[PDB]
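Chains from the complex, first installment, not repositioned:
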Amino acid sequence: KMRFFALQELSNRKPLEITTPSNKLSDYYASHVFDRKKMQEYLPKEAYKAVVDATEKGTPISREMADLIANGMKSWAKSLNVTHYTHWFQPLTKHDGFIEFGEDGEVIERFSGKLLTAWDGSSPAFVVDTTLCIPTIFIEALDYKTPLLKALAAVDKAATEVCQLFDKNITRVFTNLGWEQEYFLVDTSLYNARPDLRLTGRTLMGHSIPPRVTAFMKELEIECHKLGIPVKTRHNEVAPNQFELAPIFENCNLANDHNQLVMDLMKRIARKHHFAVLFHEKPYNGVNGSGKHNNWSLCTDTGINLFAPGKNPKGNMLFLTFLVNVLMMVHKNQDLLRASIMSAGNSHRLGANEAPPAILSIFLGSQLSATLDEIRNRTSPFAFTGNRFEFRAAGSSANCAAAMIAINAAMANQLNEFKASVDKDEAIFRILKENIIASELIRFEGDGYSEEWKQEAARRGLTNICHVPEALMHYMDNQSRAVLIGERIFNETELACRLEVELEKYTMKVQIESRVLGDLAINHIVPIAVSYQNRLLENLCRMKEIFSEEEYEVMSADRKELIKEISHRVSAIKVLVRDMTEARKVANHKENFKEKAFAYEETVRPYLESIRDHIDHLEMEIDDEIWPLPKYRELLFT
């Protein structure tokens, strides 16, 4: 009765009108970001030279140079009528006017440099609907930025040093991250009419470019550009109502920050367009999941993709050195990566419709492949896609950082290692070949889902872990620690948290899913089943008493059966839920977060599918006239 108010609701939905600032991008791209182009303008001759010396790998920022900046910074934002400032920061999961009483007692607006939990001098401040946002690092380390920043640092020092063995120059090596954002959209109305979709982000049940949308994108993009994020492409995915959008790569940290922000933008904007953006990795069951690829590469300060072969690759010894290296890292750090992308949501995705199974294994592709013996296809975790590697394992909701923090530090180590080792001008070839032979195992090239590879790799010793809890545990696994704590990225106490808070999440997520599905079953689904069952009963009940037993026996036949069928399901559900409620109960009591997790993945998680199977069947039986929830057919097209 509300589901329909939804269908009828969207019968008419004039797609919003947009605009487009000027016809020249250059006119507004970055319009809303206090970037150099503008610090040079608004900041004092000196203060500016300082933001640079600081961002020029050097720093630090004087409490003096701060106010120097901060003041200039505001002056800019005022040009946008911003009236509040805030420390923007993504934690492992506040607006202030400038208002201030002056000496003379009169009120004034002021932004003290004393307000930079520490601003990431690296990422420019940006403005969103009257609010200056200062990217900062939450402080162990309760955020994501810090861990990354460090991870990225290590990678640099490391790769730079190892770069020395060639072109003596090369002061430093940067990390470029090009991400690809996938998602689904649902008309808000329909969405609300589906409680499991709200609250869980994914349908917990259910039997398996439009103008409206275009306009959504029309805006999103503009707003992104203004925000500095360089959105390059946008197209719709394999599944219904699924779409992607990717920008041009950017020094990892920024890239990430940017993506993070984009998700924000998308949500705010979507709502405005009477849509709901679904970022879960598996919104609808039985249809392409959503993923977030991470195209990784390492540009050196003197130039050089450092991952780009190009003409006679056997000659480009530098490249060879790095490629083979990556190989070792991906290989030597399987579990670590698979952990940086595992999540209650992603679990539902990887290992399926175009989603890499939890089995890391690089793809070099014939050409470069055989070439490695001398010493582009998806369906696989890592993949050399040409002058860069693409890491598909990542979920679509995850914060890139995680995946990067791992991959990068992991690489950092593997490098600093290759270096020490290759220290016994012609040695390289020794270690290089030593490593190629060493990796081998890790390299693959075919149907990554094929039952072929399922064992074909298990044989090589390549681990395969589906269970989130387990898969996660490996954060504390010695090898990982060697990389994480090794490279001074985390200290015991920290890594400890990380792993917990991570398990913590999973546990809750799995819980809510359960909680919801339980209530929805008992409160929404069942009550209907009954209602319909009555329809059926009232039928026989009368029929039976109007036809000769003979007639009634043959006419009621099937009907009578279905009633049984229904009564069966209902009861079944009634139980499963109870039992599940119990499971959760006990589970919730395991005196140890670490166990609590397993408890769920172990005994609770299972019911989710159990309960469903029934509901779904019921959906097929009951009258479409009724049936509380919007049906997939509608969530996907109607």
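Nice, thanks for sending it over. Numbers count the residues shown, from 1 in each chain, chains lettered A, B, ... in the order given.

got the residue ranges for the helices in the stretch 1-150 of chain A?
In the stretch 1-150 of chain A, the segments counted as helices under DSSP state H, counting those that start in this stretch are A:3-9, A:36-42, A:45-55, A:63-78, A:145-164.

So which of the ones you listed is nearest residue A:624?
Nearest to residue A:624 among these is helix A:3-9; the distance by Cβ to Cβ comes to 10.3 Å. Just so you know, the C-beta spots here come from the backbone N, C-alpha and C atoms, and that holds for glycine as well.

what about residue A:624, how many neighbours?
9 (other Cβ atoms under 10 Å).

right, and the helices of the stretch 1-150 of chain A - which one's nearest residue A:96?
helix A:63-78 (12.0 Å).

Of all the residues in the closest one, which ones are buried?
A:65, A:66, A:67, A:68, A:69, A:70, A:71, A:72, A:73, A:74, A:76, A:77 (16 or more other Cβ atoms under 10 Å).

and the first one, what is it in contact with?
Residue A:65 makes contact with A:46, A:47, A:50, A:51, A:54, A:113, according to Cβ atoms under 8 Å, 6 or more residues apart in numbering.

Now, of these, which are buried?
If we count by 16+ other Cβ under 10 Å, the contacts of residue A:65 have these buried: A:47, A:50, A:51, A:54, A:113.

which of the residues you listed sit farthest apart?
By the measure Cβ to Cβ, A:54 and A:113 form the most distant pair in the buried ones among the contacts of residue A:65, at 12.7 Å.

throw chain B on there as well:
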Amino acid sequence: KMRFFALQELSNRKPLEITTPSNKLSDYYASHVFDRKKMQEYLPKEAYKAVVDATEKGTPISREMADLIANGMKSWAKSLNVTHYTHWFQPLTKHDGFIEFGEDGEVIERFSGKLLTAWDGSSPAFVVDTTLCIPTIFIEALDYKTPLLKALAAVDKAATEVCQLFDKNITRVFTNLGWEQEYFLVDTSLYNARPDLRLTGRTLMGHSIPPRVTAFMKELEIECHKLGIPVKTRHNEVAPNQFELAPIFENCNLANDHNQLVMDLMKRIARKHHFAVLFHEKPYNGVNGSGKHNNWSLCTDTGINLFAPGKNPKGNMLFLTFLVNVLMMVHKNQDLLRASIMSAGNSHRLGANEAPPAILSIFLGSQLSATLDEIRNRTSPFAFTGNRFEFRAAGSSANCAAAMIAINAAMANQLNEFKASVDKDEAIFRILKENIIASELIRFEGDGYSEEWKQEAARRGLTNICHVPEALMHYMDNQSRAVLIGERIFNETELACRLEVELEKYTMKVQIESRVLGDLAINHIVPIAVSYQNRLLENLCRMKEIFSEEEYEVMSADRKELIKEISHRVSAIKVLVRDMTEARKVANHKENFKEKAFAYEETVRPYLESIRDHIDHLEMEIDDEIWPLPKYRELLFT
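Placed with the earlier chains, chain B looks like this:
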């Protein structure tokens, strides 16, 4: 429930207001297309002379000359405010902004010549709502263009040569294709509240120029002219809510590309006018299906319809020549054509309401006919219509290319063939005389739907095939091969694949139909049926105790029987669906696509009608007040 929210929805539907750019067509026609008229304008004195030499049969395009073009192209696209570019291409049944980071750190908009999967230097790029499109191919050939092109290439040379025997000149011979698009419209509102239709594109069940619409064509037409499709006509068809719309013949390729987009252009504009364009060959059962005619003809650079008789058809030996020739092609390549237009949907179409049966046979009509012995009514696949032939067989949803690929390549062959023979200045008459008597069997002129012919052909050896699977298989039969794989059109594998993906489709389509129907029945129809039945029962039940068994006997009668009638049907259905679901189950399991096809055609496909038959009766019985779906009577009028 919704079926009414529909009738009510369209009680008030103001037909949109259009405009009309200027009053001088010449003003806005081909406005959004980067045609030479404009290349000359935007392109450098030489870079232009290059795109011309390219499309002057010559080519190729320099990576340099590309960028040269590529840039002028943008300079233009901007005057229209385009901001994205994409590769427009029709694969076997994608949006980048110009954004670019400059050397000097600042952002620019750039369109590298490096972006021309290979552009069809031929068909001009066109702009559509801020998005520039570049017709391209899909390189094995995973598209339709490539083939067609190759196919057309052959026909050119192959015909230029034979042409040589006469007027020594004649550099080449072009192919003109004048299509004719048919369709149906349904008020979106009704549509949506009719699953089968949305999803299957055609009603799976159901018992058997308004302002709103004019406004549609009003806009549809303008947008075409702005785009270069020279739409010349638009009138409504034989059935309700059906309408044609045809352009002025253009070189087969361009002709095609145009149509192929007009399909898009329509679907877009359509929604905008609360309509849904139904391109399926047979939306509604029992009323003219939609078709797409292909008016073929060959012009030789030095003029000449080459299919144009004119005063004294004996003098025109060239014509006579070609005529006879085509006559052979249509005869010698029967099954090849039939397969180039066979499709799950079209199956429900041809061989009926003005649609040619699966029995290829030409039509010359008295005049040219008897006079062809000296050595226009529809109801017929091919039909010489005067200075051109008309290929009625084609479905209204197909990609003209398919039919052309055959037609042309076939002709190309049968032409080159003639040239062989006629190699022994007067000989031609020998060969021509041969083919004439040789074709014979293929000419016809009467009621093609006639039984006197449905058999009168079988005698002549004229093949007749309905079952898509079968009819398709012939793509592989050696004759076809001789022409297709023969003329460098497809290579052994390719053609093999084409037949695969083709069969693939058929199977998918048939499944989704079965899928749906199954649900709509059990799920939507049945439940109502019961509801009504109760009304009937509650009637008898009560009256059975207020009247003398005598009276009750006489009054129950009918009622009682209908109750039976209904109970019969609903049960009947419950089964067929079951049985059907099972059939599919199996079919689905045959290990080969080729098998799966015949599987459906043979045991799943058959059910669609069985199940239906009942539902439709039930429709007639149940109370109009109820009945979930919009009635045909409503879908075709009000």
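
once more on the neighbour count of residue A:624, with chain B this time?
Around residue A:624 there are 22 other residues, counting by other Cβ atoms under 10 Å in any protein chain shown.

Touching, it and residue B:524? I think so.
Yes - Residue A:624 is within contact range of residue B:524, at 4.6 Å (criterion: Cβ atoms under 8 Å).

what do those two both touch?
Contact criterion Cβ atoms under 8 Å, 6 or more residues apart in numbering or on different chains; residues shared by residue A:624 and residue B:524: residue B:628.

So residue A:121 versus residue A:61, what's the distance?
6 Å (Cβ to Cβ, to the nearest Å).

Now the common contact residues for those two.
Common neighbours of residue A:121 and residue A:61, using Cβ under 8 Å, 6+ apart, are A:51, A:54.

now the angle from the helix ranked longest in chain A to helix B:549-589?
Using DSSP state H to assign secondary structure, the helix with the most residues in chain A is helix A:549-589. Helix A:549-589 and helix B:549-589 are oriented at 50 degrees to each other (axes from the mean of the first three to the mean of the last three Cα atoms, to 10 degrees).

hmm, helix A:549-589 touching chain B?
Yes - Helix A:549-589 reaches chain B (Cβ under 8 Å from any Cβ of the partner chain) through A:551, A:555, A:557, A:558, A:559.

give me every residue that touches the second one.
Which is residue A:555. Applying Cβ under 8 Å, 6+ apart to residue A:555 gives the contacts A:543, A:547, B:564, B:567, B:571.

Among the residues you listed, name the buried ones.
Taking 16 or more other Cβ atoms under 10 Å in any protein chain shown as the criterion, what is buried in the contacts of residue A:555 is A:543, A:547, B:567, B:571.

then chain C, please:
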Amino acid sequence: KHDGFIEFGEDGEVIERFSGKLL
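Following on from the chains above, chain C is added here:
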């Protein structure tokens, strides 16, 4: 049946024309 006057001229450019041949 509705027909625009649309028609391709010799020069290839499009023009609108109504031929007496239509009466």
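
now that chain C has been added, could you go back to the neighbour count of residue A:624?
Counted with other Cβ under 10 Å, residue A:624 comes out at 22.

same question, residue A:422
Neighbour count for residue A:422, taken as other Cβ under 10 Å: 18.

and what of residue A:9?
Using other Cβ under 10 Å, residue A:9 is surrounded by 17 other residues.

what separates it from residue B:276, distance-wise?
Separation of residue A:9 from residue B:276 (Cβ to Cβ) stands at 19 Å.

Which single residue in the stretch 301-450 of chain A comes nearest to chain B?
Here the stretch 301-450 of chain A gets closest to chain B at one residue, residue A:303, 11.6 Å apart by Cβ to the nearest Cβ.

Can you name the residues bridging to that residue?
For residue A:303, the beta-bridge partners are residue A:301 (DSSP bridges).

and chain A, what are its domains?
Domain assignment of chain A by curated CATH domains yields the ranges A:1-490, A:491-638.

Closest residue of chain A to chain B?
Going by Cβ to the nearest Cβ, chain B is nearest to residue A:623 of chain A, at 3.4 Å.

how far away is the residue lying closest to that residue once chain neighbours are set aside from residue A:289?
In this structure, residue A:623 finds its nearest non-sequential neighbour in residue B:527, 3.4 Å apart by Cβ to Cβ, 6 or more residues apart in numbering or on different chains. Using Cβ to Cβ, one gets 33 Å for the distance from residue B:527 to residue A:289.

repeat for residue A:465
Per Cβ to Cβ, residue A:465 is found 18 Å from residue A:289.
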